[PDB]
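The primary structure of each chain is shown beneath.
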Amino acid sequence: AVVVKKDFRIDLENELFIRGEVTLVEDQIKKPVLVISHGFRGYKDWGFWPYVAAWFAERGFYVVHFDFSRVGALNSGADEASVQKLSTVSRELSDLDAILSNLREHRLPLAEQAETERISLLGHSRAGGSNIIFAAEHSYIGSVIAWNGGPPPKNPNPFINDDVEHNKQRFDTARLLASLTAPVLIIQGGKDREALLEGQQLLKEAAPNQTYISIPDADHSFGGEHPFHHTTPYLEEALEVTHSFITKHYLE
């Protein structure tokens, strides 16, 4: 019943990098992969991410979670313009492309026990959107789950302005959700900002093929703000729902 965490570092261009972990219960078998993208205010050790990774590893998964490279940029002392540039959706797609490449090429720790034929994505808050986009554009992503995110990327950040401006087509996740044949689960907590609940309803109208679950009394983080002293009822429901969802759409 032993959960190994294996650190890794992917080196990117300039001095950029991605720090992450593989979380896994070692048996001698390839296990379905869960790649977790944290939120734009979050990071890989914040709050419930250690717990969530371990939860899934205990329940049969090879789990990868990582810091977007803007997180390492900030922690390395980069000036605010550079972090702003690295905070775009395009940057998230690109970082995600580094992680999936290293996984598929079996370069991440313990990769022999990863079943790259069953890869799912889990995204939080705006990684929900960028994950939906990446899934839509890549054939080897079999399913994606967004926690309190998913509607199209909509600042003090001009780079985000330029990015959304030059990728209106590419990032329209209502369009993507409607045309994507792979299953998408969107979990939204009811006690969350009004604009997001309206965008969520817009998405549910655009693509009624997909799956939409609402946890009524849950905030933007299911009450799992840092530190993580214990789980909450809303987090445990999000987890049990995501697990049931990947489960049922595995044998389909």
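These notes cover the structure that comes with them. (Residues numbered from 1 in each chain as written, not as in the entry; some residues may be left out. Heavy atoms only, no water.)

**Quick notes on the packing of aromatic side chains**
Between two aromatic rings, the relevant description is the distance of the centres plus the angle of the planes. For the coordinates displayed, the defined rule picks out 10 aromatic pairs. With centroids separated by 6.0 Å and ring planes inclined at 75°, the aromatic side chains of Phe48 and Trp147 adopt a geometry described as edge-to-face. Of this pair, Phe48 sits in the loop between β3 (31-37) and α1 (49-58) while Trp147 sits in strand β6 (residues 141-147); the two residues are 99 residues apart in sequence, bridging distant segments of the chain. For the pair shown, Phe48 and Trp147 are each scored as buried. Measuring from ring centre to ring centre gives 6.1 Å for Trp49 and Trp147, while their planes differ by 10°; the resulting arrangement is stacked. Of this pair, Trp49 sits in helix α1 while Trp147 sits in strand β6; the two residues are 98 residues apart in sequence, bridging distant segments of the chain. Assigned by exposure class, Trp49 and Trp147 land together as buried. (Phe/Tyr/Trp six-rings, centres within 6.5 Å; stacked < 30°, edge-to-face > 60°. Helix = DSSP H or I, 4+ residues; strand = E, 2+ residues; numbered from the N terminus. Buried < 20%, exposed > 50% of the residue type's maximum accessible area, 1.4 Å probe, protein only.)

**Some points on the pairing of strand β7 (residues 184-189)**
The buried fraction of β7 is high, at six of six residues. Where burial is concerned, the two faces of β7 agree: the one with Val184, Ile186 and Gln188 and the one with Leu185, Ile187 and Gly189 are both buried. Where β6 meets β7, four bridges bridge the pair, whose relative direction is parallel. Residue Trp147 lies in a different strand from β7, and its bridge partner there is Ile187. (Pairing = 2+ DSSP bridges.)

**Describing helix α5 (residues 127-136)**
Counted residue by residue, α5 has nine buried out of 10 residues, so it is predominantly covered. Within α5, the full set of buried residues consists of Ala127, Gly128, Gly129, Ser130, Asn131, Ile132, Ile133, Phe134 and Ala135. In this structure, the buried side of α5 is in contact with β3, α4 (89-104), β5 (114-124), β6, α7 (173-179) and β7. (Contact = heavy atoms within 4.5 Å.)

**Quick notes on unusual backbone geometry**
With an omega dihedral of 0°, the bond running from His226 to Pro227 counts as a cis peptide bond. Locating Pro227 in the fold gives a position in the loop between β8 (211-215) and α9 (233-248). Backbone geometry places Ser125, a non-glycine residue, at a positive phi of 75°. Within the element layout of this structure, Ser125 appears in the loop between β5 and α5. Although it is not a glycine, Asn148 sits at a positive phi angle of roughly 50°. Tracing the sequence through the fold places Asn148 in the loop between β6 and α6 (158-166). On the accessibility criterion, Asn148 (0% relative accessible area) is buried.

**Concerning the nonpolar core**
One recurring pattern in soluble globular proteins: nonpolar side chains tend to sit buried together. Counting residues in each nonpolar core, the largest one holds 44 residues, and the members touching the most others are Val35, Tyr62, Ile99, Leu100 and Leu121. It is α4 that provides the largest number of residues to this core, a total of seven residues. Judged by nonpolar contacts, the second largest core, of 24 residues, contains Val52, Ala53, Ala218 and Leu239. (Core = buried A, V, L, I, M, F, W, Y, C linked by side-chain atoms within 4.5 Å.)

**Here's the deal with the side chain of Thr88**
Note that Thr88 resides in the loop between α3 (80-85) and α4. Exposure remark for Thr88: the relative accessible area of 8% places this residue in the buried category. Reaching out from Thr88, the side chain makes a polar contact with the backbone nitrogen of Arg91 at a distance of 3.1 Å. What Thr88 contacts, discounting residues up to four positions off in sequence, is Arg126, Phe159, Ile160 and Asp163. (Polar contact = N/O pair within 3.5 Å; in protein donor to acceptor, adjacent residues only side chain to side chain.)

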